[PDB]
Participant: 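Let me give you the structure first, and then I'll get to my questions.
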Amino acid sequence: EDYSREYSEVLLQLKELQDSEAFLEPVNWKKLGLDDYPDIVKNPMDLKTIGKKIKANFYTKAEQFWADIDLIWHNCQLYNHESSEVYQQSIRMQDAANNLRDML
Amino acid sequence: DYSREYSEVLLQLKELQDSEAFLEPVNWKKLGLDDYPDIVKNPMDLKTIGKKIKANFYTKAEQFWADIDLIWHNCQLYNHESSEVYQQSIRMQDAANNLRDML
C-alpha cells in the first residue's frame, strides 16, 4: 500500500513538470506516421503505462519502478536526434526524475 | 543534508508547469501594484527561500515548509480567485503539499 501510493505520487510530480507532455501517454506512432518507431524502440514506455503497472502491483522493489521511468527517457534519446526539442525535453525530465529519486 | 533536501525540493518546485510567477520576489513597483505591500505583509518567493536555505535559517523542516506555504498564501490573499495566477498557486500548492508528504 505505502510503496504504491508513493510511486503514484512520484508520477504526479513528474506529470506536472514543464516538459512532461510528450511522455504522458504511449507513443501512437501510426497516428504520427512514424512507422520505424517500433523497429527502433523495442520496449515502449510512458507515464500512463507506469501508472497502470503501479495499480496492478508490477513494482515490488523501487528499482523496478525507476527502471521503467529511465526507460521513457532512454527511448526518446535512442529514437530522436540530440538537437530535437523532444530529446532536450527528455534530458530535462531525466534530470528532474533523478533529483526526485535522490530526495525520496 | 536537511539543507540539501530543502534545495532539492526547490529544484523540483522550480521546474513545475506553474512555477514562473513564484520564482522571484514580487517587484510590485515594476508591476505598478502599489497596494501589494498594503495587503501582503510578509512577502516570500522561491529564490528567497533558496537564500535562506544557504544561510541556515531553517532549523526544522516545518520552518522551510512554512515559507513554502507563505508563497501560495500571499498569492491567494492578494489575487482574485478567478485570476490565472491564483489558479497557478493552487496547483503549485497541491504539488508542494504532496511532495512534503513524500519526505
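Atom set for the values below is all heavy atoms of this structure, side chains included, hydrogens, waters and symmetry mates excluded. A note on names: the letters A, B, ... follow the listed sequences, proteins ahead of strands, and every chain is numbered from 1.
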Participant: Between B:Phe57 and B:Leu46, is there a shared hydrophobic cluster once you connect ILVMFWY residues whose side-chain heavy atoms come closer than 4.5 Å?
Facilitator: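 No, no single cluster joins them.
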
Participant: To the nearest 0.5 angstrom, please state how far the CG atom of B:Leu11 sits from the CG atom of A:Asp95.
Facilitator: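 The CG atom of B:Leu11 sits 10.0 Å away from the CG atom of A:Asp95.
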
Participant: Side-chain heavy atoms nearer than 4.5 Å, only ILVMFWY residues, links allowed to pass through others: does that put A:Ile40 and A:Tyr37 together?
Facilitator: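 Yes, it is one cluster - the side chains of A:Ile40 and A:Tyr37 are joined through contacts under 4.5 Å.
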
Participant: Please check: side-chain N/O of B:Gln17 versus main-chain N/O of A:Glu16, any donor-acceptor pairing under 3.5 Å?
Facilitator: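 No.
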
Participant: Quick check: does any side chain N or O of A:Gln13 sit under 3.5 Å from a backbone N or O of B:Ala95, one acting as donor and the other as acceptor?
Facilitator: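 Between the backbone of B:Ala95 and the side chain of A:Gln13 there is a qualifying donor-acceptor contact (under 3.5 Å).
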
Participant: Indicate if B:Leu23 and B:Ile53 have the same hydrophobic cluster label, given that clusters are the connected sets of ILVMFWY residues with side-chain heavy-atom separations under 4.5 angstrom.
Facilitator: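 Per the 4.5 Å side-chain linkage, B:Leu23 and B:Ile53 are co-clustered.
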
Participant: What about B:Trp65 and B:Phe22, same hydrophobic cluster or not, with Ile/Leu/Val/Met/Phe/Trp/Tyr joined at side-chain heavy-atom distances under 4.5 Å?
Facilitator: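 Yes, same cluster.
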
Participant: Do A:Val10 and B:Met102 have side-chain heavy atoms sitting under 4.5 Å apart?
Facilitator: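 Counting from C-beta outward, A:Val10 and B:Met102 do come under 4.5 Å.
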
Participant: Does A:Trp73 share a hydrophobic cluster with A:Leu104, counting links as ILVMFWY side-chain heavy atoms below 4.5 Å and allowing steps through other members?
Facilitator: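 Looking at the clustering, A:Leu104 is in the same group as A:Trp73.
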
Participant: Do A:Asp102 and B:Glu8 come within less than 4.5 Å of each other through their side chains, counting heavy atoms only?
Facilitator: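 A:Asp102 vs B:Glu8: side chains touch.
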
